[PDB]
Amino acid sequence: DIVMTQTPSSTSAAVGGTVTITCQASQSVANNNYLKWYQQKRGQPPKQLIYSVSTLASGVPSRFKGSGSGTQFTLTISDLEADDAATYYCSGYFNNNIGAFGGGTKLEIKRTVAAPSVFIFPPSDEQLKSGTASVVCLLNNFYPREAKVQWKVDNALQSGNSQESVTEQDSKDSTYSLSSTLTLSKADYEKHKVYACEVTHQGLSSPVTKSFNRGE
């Protein structure tokens, strides 16, 4: 049909570095210049960067440069900042009066290794009263994103009763945060004593363990 193929799907570079994104349309854009570059963040709508293939949007830094030739276009981001962590999209319009987007390019900002700060939270009394028990493990502000979080209750490895959620990359310090939530009933909870969250990360010399004794 009409396809706008955006590459790479994802890439990484350090602050001050350079990234190059290519968008390849299946046919020439309308008037040879209906082509815009967008920057998108999670909780936000996209923010324009480039219009008419190469023109810089008002308020956009000059380190964003737009280029291309008829069907192939390039967004070049030089002098990278932490704030540049986002997903970038090409947006095109075509002579049959049809718009399309590239699949997007997620940019991760590299930085020095940052070890997580680990916290464990036992369930609340209000929750225990309600008949359920959720134990929360928090990995705070770490890089890189890869981490191993395992639960041990009375030194028995849990499996299938936890769920992980990870924030976006912070635009100021380029870190991630991760939560691992263990979901039990009140009965099973009062059955045991030791609740432990074990965290393995490149920032930790050896796996860190954070534990508590139930009812203490």
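Sequential numbering from 1, following the sequence displayed.
(request) On mean C-alpha B-factor from the PDB entry, just flag whether 127-135 or 78-86 is the higher one. (result) The recorded data point to 78-86.
(message) Tell me which stretch, 9-17 or 194-202, has the higher mean Cα B-factor listed in the entry.
(response) Per the deposited B-factors, the answer is 9-17.
(request) Could you check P116, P122, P144, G104 and tell me which one carries the biggest Cα B-factor in the deposited entry? (result) The C-alpha B-factor peaks, among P116, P122, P144, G104, at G104.
(message) Just to confirm, going by the entry's C-alpha B-factors, which of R63, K148, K186, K152 comes out highest?
(response) Highest C-alpha B-factor among the listed options: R63.
(message) By the recorded C-alpha temperature factor, relative to the other modelled residues in its chain, which third is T175 in?
(response) Lowest third, going by the recorded CA B-factors of the chain.
(message) Looking at the temperature factor on the CA atom of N140, which third of the chain's modelled residues does it land in?
(response) As the PDB entry reports it, the C-alpha B-factor of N140 lands in the lowest third of its chain.
(request) Sorting the chain's modelled residues by C-alpha B-factor, tell me whether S165 ends up in the lowest, middle or highest third. (result) CA B-factor rank for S165: lowest third.
(request) Using the B-factor values recorded in the entry, state whether the Cα atom of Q39 falls in the lowest, middle or highest third among the modelled residues of its chain. (result) CA B-factor rank for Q39: middle third.
(message) Please say which third, lowest, middle or highest, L182 falls into when its CA temperature factor is compared across its chain.
(response) As the PDB entry reports it, the C-alpha B-factor of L182 lands in the lowest third of its chain.
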